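Starting off, we have a lone chain in the form deposited in one PDB entry, written out as structure tokens.
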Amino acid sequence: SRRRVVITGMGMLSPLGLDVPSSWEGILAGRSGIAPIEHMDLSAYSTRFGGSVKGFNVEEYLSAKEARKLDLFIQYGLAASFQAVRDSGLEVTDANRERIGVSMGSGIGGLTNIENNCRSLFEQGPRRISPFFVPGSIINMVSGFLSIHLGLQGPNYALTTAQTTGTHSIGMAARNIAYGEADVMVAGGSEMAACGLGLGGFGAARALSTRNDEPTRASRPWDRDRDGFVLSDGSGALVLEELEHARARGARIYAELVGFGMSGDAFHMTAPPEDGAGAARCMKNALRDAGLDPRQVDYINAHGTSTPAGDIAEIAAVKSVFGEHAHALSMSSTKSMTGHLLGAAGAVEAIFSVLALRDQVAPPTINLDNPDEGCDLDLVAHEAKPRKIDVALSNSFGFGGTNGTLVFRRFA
């Protein structure tokens, strides 16, 4: 029957830090990671800022030889994965390598690489496409390259569920362990969509904040003056482990993963329904999966993208699931600081949820100057709130109406 799953290692690249502790320091200090993009010329674009990873050194993780072959989103995914495995203390051996797998995902994948190689094709012909173009760009090659470098022979796969990827990746990797298919999974997501195609494509949809003259104030979930999401880069990885396996090796356990919910809105390609009906179905699935009274939830790390329709749908969902308890829990969007890491969003935010439990603090929703109509919950405006947190929920809701909810709680 179903086994318990705990978090024993975590790894991150975000716009706030080159690891977890430096990123977390930023979150708790209400620091923005959003800045004008320096890696290309955006003067012809309607949005010229985002959350970049600053000063990423791939040579802390990989030979410049292996690294040259890999898109930035794969490099980010590997960096976070390597951090997570080291942080876990896990040693890979002949006795366990079949029982350790990986599920690292991306929503968009290797958009920089495909753009560059598409440009080569068009200006110079097919003989200029890099030999490494396919293995170096396709989304499953975080899982692939990690398994080759560490000798992981367990379940090996990748999700792509747009803005829900990281949450689904962690949730389904827990099911792998819960059901006996593996004892350990490295799970999360990675994204680097800041190329002409990414900024251009989201721009053409008018989905992005155009607050070019105050980029740090752009991402303002539930604020009446929000005008779309901020595009952000990075990676989150967690080592998920069966409880007895963790106990048997004296693993440090951060928290327990008790609940996972999925649902489909079956509403619209890009817009959530105004009432958040699918988000509510998804949270209720996760809470039943965790065997919880909804009143046990202390903290929600919202999806909280800073889109008009997205932010208000989450309020409706939370009110619908939690009723009067909606006024007692704390809910925050760390996207206020990090921006929207798309497929990596659920991965970094699962990590913020686990540290929320470790340190007993709800991170702030920065830039929440004027909450909108009906956004009257404890949204942890401006400043981090120390408080009791036994159960934390992490929500993701993406294109295609695809919802994920993770439930973590303190481990004793």
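Residue indices: 1-based, along the sequence shown.
What comes next is about the form solved in complex with a small molecule, which is not displayed.
Contact between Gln83 and the small molecule in the entry with it bound is found at the 4.5 Å heavy atom cutoff. The small molecule is not shown here, but in the entry with it bound it comes within 4.5 Å of a heavy atom of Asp19. Proximity of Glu38 to the small molecule in the entry with it bound falls outside the 4.5 Å heavy atom cutoff.
Within 4.5 Å of any heavy atom of the small molecule in the entry with it bound lies no heavy atom of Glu373.
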